[PDB]
Structure formats: structure tokens, C-alpha cells
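# Per-entry structural report
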Amino acid sequence: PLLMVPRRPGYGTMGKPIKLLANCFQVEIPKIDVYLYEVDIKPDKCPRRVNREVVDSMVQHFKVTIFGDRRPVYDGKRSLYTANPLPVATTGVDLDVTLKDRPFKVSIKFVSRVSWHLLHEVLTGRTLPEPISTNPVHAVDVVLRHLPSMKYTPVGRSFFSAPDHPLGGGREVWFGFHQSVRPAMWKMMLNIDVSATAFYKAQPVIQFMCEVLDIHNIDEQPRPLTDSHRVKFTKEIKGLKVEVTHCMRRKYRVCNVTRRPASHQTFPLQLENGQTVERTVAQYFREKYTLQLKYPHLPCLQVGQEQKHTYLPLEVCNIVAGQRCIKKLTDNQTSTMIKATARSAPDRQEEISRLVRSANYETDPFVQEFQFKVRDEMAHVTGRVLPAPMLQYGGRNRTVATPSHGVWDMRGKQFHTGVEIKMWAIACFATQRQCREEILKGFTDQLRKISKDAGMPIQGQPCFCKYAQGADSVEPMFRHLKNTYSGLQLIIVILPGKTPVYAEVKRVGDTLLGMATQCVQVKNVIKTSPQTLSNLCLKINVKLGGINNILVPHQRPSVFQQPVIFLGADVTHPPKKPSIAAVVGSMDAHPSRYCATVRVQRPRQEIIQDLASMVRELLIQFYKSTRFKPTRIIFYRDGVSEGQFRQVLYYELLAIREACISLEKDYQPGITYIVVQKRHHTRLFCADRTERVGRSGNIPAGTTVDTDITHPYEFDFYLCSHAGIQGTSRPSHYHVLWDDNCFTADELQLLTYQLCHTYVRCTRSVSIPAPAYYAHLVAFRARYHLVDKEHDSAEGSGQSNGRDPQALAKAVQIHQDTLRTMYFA
RNA sequence: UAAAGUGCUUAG
RNA sequence: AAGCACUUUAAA
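Reading the values: the criteria
Residues numbered from 1 in each chain as written, not as in the entry; some residues may be left out. Chains lettered and ligands numbered in written order. Heavy atoms only, no water. Helix = DSSP H or I, 4+ residues; strand = E, 2+ residues; numbered from the N terminus. Rg over C-alpha atoms; globule rule 2.2 N^0.38 Å. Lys, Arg positive; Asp, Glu negative; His and termini not counted. Charge placed at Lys NZ, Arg CZ, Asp CG, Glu CD. 1 Å grid on protein atoms, 1.4 Å probe; cavity = no way out; pocket = protein on both sides within 12 Å on 5 of 7 lines; lining within 4 Å. Points joined across faces, edges and corners; volume = space filled by probe spheres on them. Nonpolar A, V, L, I, M, F, W, Y, C, P; charged D, E, K, R; others polar. Salt bridge = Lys/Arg side-chain N within 4 Å of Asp/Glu carboxyl O. Near = heavy atom within 4 Å. Polar contact = N/O pair within 3.5 Å; in protein donor to acceptor, adjacent residues only side chain to side chain. Buried < 20%, exposed > 50% of the residue type's maximum accessible area, 1.4 Å probe, protein only. Contact = heavy atoms within 4.5 Å. Pairing = 2+ DSSP bridges. Axes fitted to C-alpha atoms, helices over the stretch in contact; angles between N-to-C directions. Core = buried A, V, L, I, M, F, W, Y, C linked by side-chain atoms within 4.5 Å. Left-handed = near helix turned anticlockwise from the far one by under 90°. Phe/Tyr/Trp six-rings, centres within 6.5 Å; stacked < 30°, edge-to-face > 60°. Domains from an automatic or database assignment. Right-handed = clockwise from strand over helix to strand, strands pointing away. Expected span 1.5 Å × (residues − 1).

Per the deposited record, determination of this structure is attributed to X-ray crystallography, with the resolution reported as 3.45 Å.

### Things to note about the overall build of chain A
A count of helical and extended segments in chain A gives 22 helices and 37 strands. In terms of overall dimensions, chain A is globule-like: its C-alpha atoms have a radius of gyration of 31 Å, near the 28 Å expected for 825 residues. Referenced to the eigenvectors of the C-alpha coordinate spread, the extents of chain A come out at roughly 95 × 75 × 55 Å. The centroid of the 108 positive side-chain charges in chain A is displaced by 4 Å from the centroid of its 76 negative side-chain charges.

### Here's the deal with empty space enclosed by the protein
Computed from the structure, the largest cavity encloses a volume of approximately 140 Å³. As for the largest cavity, its lining consists of 13 residues, and the residues nearest its centre are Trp424, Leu447, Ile458, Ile492 and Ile540. Among the secondary structure elements, those contributing two or more residues to the lining of the largest cavity are α12 (437–453), β26 (490–495), β27 (516–521) and α16 (530–543). Partitioning the lining of the largest cavity into residue classes produces 10 nonpolar, 3 polar and no charged. Along its surface, the second largest cavity is lined by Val542, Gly545, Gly546, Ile547, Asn548, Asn549, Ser592, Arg593, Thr758, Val760 and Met822.

### Some words on the pattern of salt bridges
One pass over the full model with this rule turns up 27 salt bridges. Of the charged contacts in the structure, one is a salt bridge between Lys187 and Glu28, with a shortest N-O distance of 4.0 Å. Beyond isolated ion pairs, a larger network of salt bridges with shared partners links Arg8, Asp706 and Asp716.

### Let's talk about the protein's contact with RNA strand B
In the neighbourhood of RNA strand B, 46 residues make up the surrounding shell, with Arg48, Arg324, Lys539, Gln726 and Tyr773 lying closest. When the atoms of RNA strand B within 4 Å of the protein are grouped by moiety, sugar and phosphate amount to 78% of the total. A distance of 3.3 Å separates a phosphate oxygen of RNA strand B from a polar atom in the side chain of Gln518. At a separation of 2.8 Å, a phosphate oxygen of RNA strand B approaches a polar side-chain atom of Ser767. Breaking the surface near RNA strand B down by element, the ones donating at least two residues are α1 (48–61), β11 (188–200), α9 (331–341), α14 (500–512), β27 and α16. Taken together, the residues that form the surface near RNA strand B break down as 17 nonpolar, 15 polar and 14 charged.

### Topic: the environment of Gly76
When you line up the elements, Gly76 lands in the loop between β4 (73–74) and β5 (80–82). Given the relative accessible area of 5%, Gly76 is considered buried. Sequence separation between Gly76 and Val54 is 22 residues, and the spatial gap between their C-alpha atoms is 9.6 Å. Dropping the residues within four chain positions of it, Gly76 is found in contact with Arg48, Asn51 and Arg52.

### What about the sheet that holds strand β2 (residues 24–28)?
Reading across the sheet, the 6 strands line up as β8-β9-β10-β11-β2-β20 and stay open at both edges, with antiparallel pairing between neighbours. Two strands bound the open sheet, and with one partner strand each, they are β8 (153–155) and β20 (373–374). Sitting on the sheet, helix α4 (residues 136–146) touches β2, β9 (158–161), β10 (171–183), β11 and β20, and the angle it makes with β10 is about 145°. Packing against the sheet, helix α10 (residues 345–358) makes contact with β2, β10 and β11, and its axis sits at approximately 105° to β11.

### Considering the nonpolar core
Residues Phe566, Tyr636, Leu751, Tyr774 and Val778 are the most contacted members of the largest nonpolar core, which totals 83 residues. Excluding anything up to four places from it in sequence, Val778 contacts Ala582, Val584, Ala596, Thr597, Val598, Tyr823 and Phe824.

### Details of the sheet that holds strand β18 (residues 311–313)
Taken together, 3 strands build an open sheet; the order of strands is β14-β17-β18 and the sheet is antiparallel. Edge positions in the sheet fall to β14 (256–257) and β18, since each of these pairs with one other strand and no more. Direction of pairing for strand β17 (residues 300–302) relative to β18: antiparallel, over a ladder of 3 bridges. In the sheet register, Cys300 faces β18, and the bridge partner there is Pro313. Along the sheet, helix α8 (residues 281–289) contacts β17 and β18; its crossing angle with β18, the most-contacted strand, is approximately 75°.

### Details of the side chain of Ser732
The residue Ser732 is located in strand β37 (residues 732–739) in this model. A distance of 3.3 Å separates a polar side-chain atom of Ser732 from the backbone oxygen of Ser767. Excluding residues within four positions of it along the chain, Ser732 makes contact with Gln677, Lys678, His680, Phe717, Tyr718, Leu719, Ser767 and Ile768.

### Describing the packing of helix α6 (residues 205–213) against helix α7 (residues 227–237)
Contact geometry of α6 with α7 gives a least axis separation of 10 Å together with a crossing angle of 115°. Crossing hand, α6 versus α7: right-handed. Two secondary-structure elements touch here, α6 through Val205, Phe208, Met209, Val212 and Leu213 and α7 through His229, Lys232, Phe233, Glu236 and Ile237. Of the residues belonging to the contact of α6 with α7, the class tally is 7 nonpolar, 1 polar and 2 charged.

### What to know about the protein's contact with RNA strand C
Within the structure, RNA strand C sits among 14 residues, and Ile338, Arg411, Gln531, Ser534 and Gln726 are positioned closest to it. Side-chain polar atom of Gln726 to a base oxygen of RNA strand C: 3.3 Å apart, as the coordinates give it. Elements that contribute at least two residues to the surface near RNA strand C include exactly α9, α16 and α20 (770–785). A total of 4 residues in the surface near RNA strand C trace back to one element, the largest contributor, which is α9. Its residues placed into classes, the surface near RNA strand C shows 4 nonpolar, 5 polar and 5 charged.

### Some remarks on the packing of aromatic side chains
Using the criterion set out here, one finds 21 aromatic pairs in the structure. Residues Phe285 and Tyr289 carry aromatic rings whose centres are separated by 5.4 Å and whose planes lie at 65° to one another, so their mutual orientation is edge-to-face. Of this pair, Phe285 and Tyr289 are both found in helix α8, 4 residues apart, which corresponds to roughly one turn of the helix. Overall, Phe285 belongs to the buried group, its relative accessible area being 3%. Using a relative accessible area of 30% as the deciding quantity, one classes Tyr289 as partly exposed. Taking the centre distance of 5.2 Å and the plane angle of 80° together, the rings of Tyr594 and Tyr774 count as edge-to-face.

### Let's talk about the pairing of β11
Taken across its 13 residues, β11 has 11 buried, putting it largely inside the fold. In the sheet, β2 pairs with β11 via 4 bridges, with the strands oriented antiparallel. Note on β11: the bridge partner recorded for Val27 is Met188. Relative to β11, β10 runs antiparallel, the two being bridged by 13 bridges. Residue pairing in the sheet places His178 in a bridge with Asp193 of β11. Here β10 folds back onto β11 in antiparallel fashion, the turn holding 4 residues, of which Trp186 has a positive phi close to 75°.

### Some points on the domain arrangement of chain A
By a widespread convention, an interface's size corresponds to the accessible area lost as its parts come together. Entries for chain A in the domain assignment read domain 1 (4–200 + 325–384), domain 2 (201–324), domain 3 (385–554) and domain 4 (555–825). Once you take the C-alpha centre of each, domain 1 and domain 3 turn out to be 50 Å apart.

### A short note on the pairing of β27
Counting buried residues along β27, 5 of its 6 residues qualify, which places the element largely inside the surrounding structure. Here 6 bridges tie β26 to β27, and the two strands are oriented parallel to one another. Counterpart to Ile494 in the pairing with β27 is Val520. Taken together, β26, α14 and β27 form a β-α-β motif whose crossover is right-handed.

### Digging into helix α17 (residues 612–626)
Taking 1.5 Å per residue as the helical rise, α17 with its 15 residues ought to reach 21 Å, and the 20 Å between its terminal C-alpha atoms agrees with that figure. Of all the positions in α17, only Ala612, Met614, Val615, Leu618, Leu619, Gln621, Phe622 and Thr626 are classed as buried. Looking at the buried residues of α17, the elements they touch are β29 (564–572), β30 (579–586), β31 (594–601), α18 (645–662) and α22 (816–819). Count one or two residues on from α17 and you reach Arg627, which has phi positive near 55°.

Structure representation (C-alpha cells):
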């Protein structure tokens, strides 16, 4: 049966009101039935751009019969839309279109009609809405997307165009926007955000090579390139598109570069009657084209197939404009781009506004034919700044921290329940020359002092201290350390940086060894900063079950008046690699301690294939530490795309239902299902310049919005719960997909904001609630758990196929000592 | 691998 | 290529 998403149970009333601007723009649509036609192109699986050009040419030539004065819109797929009905029948209409010259056949056919009248009735709330191309909001999206997709180079939901800001290496940054539409209160809204990316600069291939290899001058010192030069240049040119200047335009896909120059590059010239004349490329272009090759000492692009084997000098080829860099940018290019692409919050807002002001929607033919009117000014909103919760730390005095501006420090505070660390070891995978014995000795001295001042005094001398240069030497070492020492709290592995040592250390200490490990980079060991040490101590104390702080028992919502558990779930995708799904669960009464379980799943699967069992295990452990039955389950979810919300819900909800049918008997606790997501393109700004926080100029921590830019009838809200420091903050969006607990807007909003302050790894306000963050961490920890076994699967005699049997599910299974604990930090 | 925030990821 | 990069973080 169909599911029923609960509606708005009310709006929020808590917190200081604040005026805001938003990138959402209103859209006037007529309450008119508009007609949808299913378009099929006969050469299948083509680019969307060529399909768009096909239909444009079709409309150009076939208006005498069919389209006439109309100007339909097309999604690049099997969806065309038209304002007035079209003079074609139920049966399809096959038309021929021309475009070396390869024509297409197209079959357009009416399927149904979408009523924007029903949409207008939904947005105003006059009618209750819940009793691909067939929904009307998608048609609005297509109408608004049609024009920019002809003027600008389209990527995904976004649009770019050429400007000049060289990144280096024949690359440049193209600016542009992201466009999206969504139904909000009273009006369709249009999201427009600023984006930029990397493209190959359009220029002669001579200069592209010149810029790739940094041969600043080649004219005056004419040099024939090298082996290393050629390898790098082939790496950077192989796969790209080039145009030929000696023939009007002529475009090829370059697939290799010759090993030898045009002077020495010989091919069998093909004569009529199948005759052969061996000739060199430079000779060929001299005798057929009357072209004195300026650089015949330079190699040639091989554009043709293995049968044809065409050879073009770099001298005549240009880089075709409009090809985006897919291969990873370097460190240098990344730094340069973020130097150029960085915008603070007010800068970003004053960019978006001028951009949408330049778009001139009033003079867009495809907006005019559908009687659209999009608002030119940003959306004015009013939001509420929630009150941050207090946190009780421990010690003799029981200090309490008041988080100002979504941040506090542990300086002067102690853990609620500190732990003594009696037996501990340390393993430097750095060399003797990287850190002297004295360096690590002082490092450990100050770590011990700061730990005692944190209320968690790590006591005594290191039980073990030894260097190691072997990645495959961590399995023996740990084994030794497990048996010689009985009751070892933890070890520390100091690392030189990125290394497989970390992967195998985590794999052993979490699956084989089953003991606590804290890894530290050498620089932080040798350049000591107390803040780093304090965060390390936080992670360690949590790793030994020590509760850092608790949420003040007084300042809490009424939901805590009953045993409640808190769950966060996340799924991470391979890109034929396995997918990883993790779910966590609070173990204590106050939301600080979490256990977790993790499973492996089919690649590219959004839904969580197995859920009930996982929830089962979690619930069990809750009883084990609570002896109580959780009456309310608060499920936080991240990962599901907006396209596939409800059906996932069904299984997941019926899974949790199932997981609660098992425990005891006649057990139906209150389930509340919320989906968190940070991917959206809604960005809220301060309408009052005075209230911008920090140099970034963001909104304050605790800002929430429940009004005219949110959902018409479903229970969603924005909560920018984090200190915005760098640029425009990302307001995490929450959407209530289920509530049996019947909670008001104020209650759930402030609960999520409080959960954003209960993060153990950081004495700050984090963007999303703690269970979701922990689930993400569990996913990544399992991802490292299943890295291809060192010196066994890699380079098996370059990728290696996985082992699908249940041993893969046990390669992610955690040693029993490390499963019940918070090894996530 | 002290951490958070951010933007490039990477999805025709 | 799961992984980069930058900014900030225990003076008073």
C-alpha cells in the first residue's frame, strides 16, 4: 500500500528572529494544461546535446506542417513539452532530420498532459496533494532549463561558459551557475547558485604542449622533445579533441602521439589501384599542401584508428574549445583555482543577484511562450536563531560550558568520566632521523600533562616503544603486543604521512588484534600544539568508553522523559566495487555514547539491503547497557537522492517495524524517521549587514527556517547549525518522512540543534546531528577495512577482483572488543 | 593520520 | 582518485 508522509504539525516559535535573503526566486505559472510528447531518436544512446540540436532542426524544418508558430521545449531525452496541443495523432509521427553528414529519424508521439492547474492548487494549499515527465514540476524544470542549455555548456544540473583565469597546464577555470526548481509555499521556486570548474583552453596544440611541459621558448632553441617529455605530453593529449587548420574546421579524437618526429615518421601513402608509396609526414605535407612545417622535429598526433593510422603534426592542430578536465587536478592547480574561485558569503550573494539580473528572463522566448514570470530579486525570509544547549563536563567542580557562536573549548574543563591509562604502547613508523628519541619523549611528556589536565591522566611510562619501517610488520608486532601484555589500553602509531601502514594497522587493531589505536602524523608529533593534543585526548578518551561531556539534564526537550534511542544511517558508493552501509545507535540515556554496525551491499544501491538485523543488534546492546526497552526510535538518514524517497522509506520503515516485532512480544515503539541532507543549492544570507558573523560573513549558528521557501505541505526545515568560518555556510536540510511520536516543530528543531552540539571529536557545533556523522565515519572505517590486502591482491600476477563470499562480510566484521566501543573517532 | 568548515569531486 | 586543496583552532 501507498505510504502517507505526515504534514506540517505547526511552525516554530523559539529563538531570536533574523531577516534573511535567499537564492530562491519565485515563478509565476499559469494554471493551464500543458501537453507532453514522447520523443524517440533512432540512433540510441547519443549525447543530450546532439538530441537537442536534432529537435531544434526538426522544429526549424517541420513547422510548415506540425509546429507552426509554437516553440516547444525539450529535455534531451524522451520528453518534449508544448503549450498548445500539437497536430499529431495518437500513433507516432516519424520524421527525417539532416545534420560526414549523418541524418536521424525521430518518432514523436503524444502520451499525456500535465496540469499546472493542479500544481497551482497544491502550492496555495487549497487542495491536498497526496490522495519522470508526468509530474508538472519536472515540466517547469524543462521549460526553464531549455534556453541556457542552448546558450551555455551544460554539465549535470549546472551551466558554464568560457571567459580569463589560467590554471596552468593548458587549463583554465570556467565560471557559471547551477539551476534548479522546486515547489514551495504559494509559488514555484528557482535555485540559482554560483559554480566553476576546469576546462582545456582553446589554443594551438603547439602552445598546449608548450604550456604542459613548461618549454618557455621553443622557437629560438628548436629542440626535438625527449622520452619523458613525450610521455607527459601523450598523457595530457591522449583522449582529447583537436581541430585541423590546414584543411575550414575538421575535428578528430586524438588517441596517441608518435614516437618519432614528422621528419622521420613514415607512412605508406595509399594511391589509386591499391598502390603503396612510403613517405614521411613532413614530406607529405610539403608535396601535397605546399607547407614548410615549422616544427617537423616535433612528434605527431595519431588520430585515426588502427586500420587507418592517420598522422597529424602538432603544427596544424588546435585544441577544440569546450572540453572539461576529467582527470584529477594537481596540487598546484587546485590551489590556484580555489584562490580564484573563493567567494565569501556576501560576495557570493552579490554575485548570484547580478547573475539572475543579467539572465533577462523577460526576453526569453521559451519563458514567454509558457507565460512564466520569475522574480528578479532574492527571496526575503525571516528565520529564528535557536538557543545553543549547555554542556556539563566532569571533575571536582563539574564545570559547565556555554557554547557561544557554536564553539567552545575544553580549556579549564575535565571529562564527565575520565579514564586512567595505565598500560600503553607507542610505535613510531617514522625513522630515527625523522624524530629523535628526545622528540618523541617530549611529545609524550606534554601529551601526558595535557591528558591529566583534561581529567584523563594517562599514567606511568610507555609499556613499549620501538621504531618500524615495515608496513607488513604490523600484524606480527600487534600479535606480540597482544600476548606479552595482558590488559593493554591502547597503542599509538606515529606515521610519516600517507601510507598503507595506516590501513593495515586499522585492519589488525580492529579485526585481528581488537585493541585501541591512535594514529598521529609526524609533524604534529614534532611541532606540538596544545589544541591538537586536546582533540587527540578527546578521541582517546572516547575510544576507551570515557564520556567527554553530557548534555545538561535540565535544558532538554520532553522526549527524554522516556527511554529513547538515536540512530544514524549512511550508504557510501564504490565509484564494480562493493557498497558500504552503516547504522549507529545511542547506548546511554543522554545522547553521547554510540555503538554501530556495518554491512556490505550491491554496488550503486541507495536503499539499505539488510536493515532489521542491524537494528536488531543495536537494540540488543541498548538493553545490555540500559536494561530498558526504548520507547521512541529516532532515525536519522543520509544518502537517499530526492528522486527515490518514499519507497526506500517503506522497506526501511517495515524493516525497523520487523526489527521491533522480534524483540520481546507485542512491541510497537514510536518510530520517527528524518532524512538529513547537505547537498542542496539553497544558501541563506543575512539581509541585515550588521548581523553577519565573522570574516566569512555568514548567518549565526542555530539559524533555522520554517517558512516561505520550505515545502508546501510536508514537514521539512533548514538548520544551519555550524559556525561558518570559510565561505558561505551550507544549511543542512532536514525532512520528516515519518512521525508516530507526534512532535511539534519547535521540539524536533531544537532537538536536532542540540544533537549537533553533542559531537565527541570536536568541542564545536557540527553541521549535522551526531548519529549521522558517526554513521559516515563507520562507513569510511569499513572502507579502509576492506582495502585490497597488502602485497596479496594488488598486482596479482592493475586492479584486482574482490572476493564476494561471506568472508567479505567478515572482513568488515569487527573484533568483539572493538565492536562495542567507539572506534570511529 | 587532532579537528571543523569549505570547493573541486565525480554523474550524455 | 575516496581524496585532494585551502582557511581557522590553547597569548591575554
